[PDB]
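In this analysis, Cβ positions are derived from the backbone assuming ideal geometry, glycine residues included, and neighbour counts consider all displayed protein chains. Every read-out reported here was derived from the displayed coordinates using simple, explicitly stated rules and does not represent laboratory data.
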Amino acid sequence: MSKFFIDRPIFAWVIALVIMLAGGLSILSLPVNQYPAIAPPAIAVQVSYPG
Amino acid sequence: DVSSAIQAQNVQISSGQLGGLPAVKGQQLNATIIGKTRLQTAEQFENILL
């Protein structure tokens with residue numbers, strides 16, 4: 001592989017540019033948040049029985 | 001008559017709060033007032049007058 005790219009440095013560049021272009025564009029869809037969803041899910045059940 | 005009666009004398013009455021909101025200026029002492037809860041013993045049932 002390496003020997004192959006050593007005499008084909010544009011090809012090498014292109015796989016690199018494709019990687020960048022794609023991963024770059026990915027930053028325009030990733031949501032941003034402080035921490036990931038780390039709290040255990042919980043369910044509350046609630047009833048008022050007046051008096 | 002017995003059902004209507006049983007319903008009448010075996011019913012948790014809500015009974016509010018003693019100092020609820022709004023209140024008169026001051027007061028300072030608020031407390032829940034617990035009424036009676038429903039009957040429990042066979043004997044209490046034997047007594048619900050008709």
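As a test of understanding, state the convex hull volume per residue of chain B from its alpha carbons, in Å³.
97 Å³
For the protein assembly as shown, go through all pairs of different Cα atoms, get the mean of 1/r, take its inverse, and jot down that Kirkwood value in Å.
Computed over Cα pairs of the protein assembly as shown, the Kirkwood hydrodynamic radius comes out at 22.9 Å.
Say a paramagnetic label sat at a point 7 Å from the Cα of A:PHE5, along Cα to Cβ; which residues of the range A:14-33 have their backbone N under 12 Å from it?
Within reach of a label on A:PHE5: A:14-19.
Give a residue-ordered list of calculated ³J(HN,Hα) values for the range A:17-33 (Karplus: 6.51 cos²θ - 1.76 cosθ + 1.60, θ = phi - 60°; whole Hz; x for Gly, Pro).
So the Karplus estimates, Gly and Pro as x, are 5, 3, 3, 5, 3, 5, x, x, 3, 4, 5, 7, 10, 5, x, 10, 8 Hz.
Would you mind giving the average projected area, over all directions, of the Cα convex hull of chain A in nm² with one decimal?
Mean projected area of the Cα convex hull: 7.7 nm².
What FRET efficiency, computed as 1/(1 + (r/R0)^6) with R0 = 35 Å and r the Cβ-Cβ distance, is obtained for B:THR37 and A:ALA42, rounded to the nearest 0.05?
0.65
Where does the charge balance sit around B:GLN7 when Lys and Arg score +1, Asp and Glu -1, over other residues with C-beta under 14 Å from its C-beta?
With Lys, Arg at +1 and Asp, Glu at -1, the net is 0.
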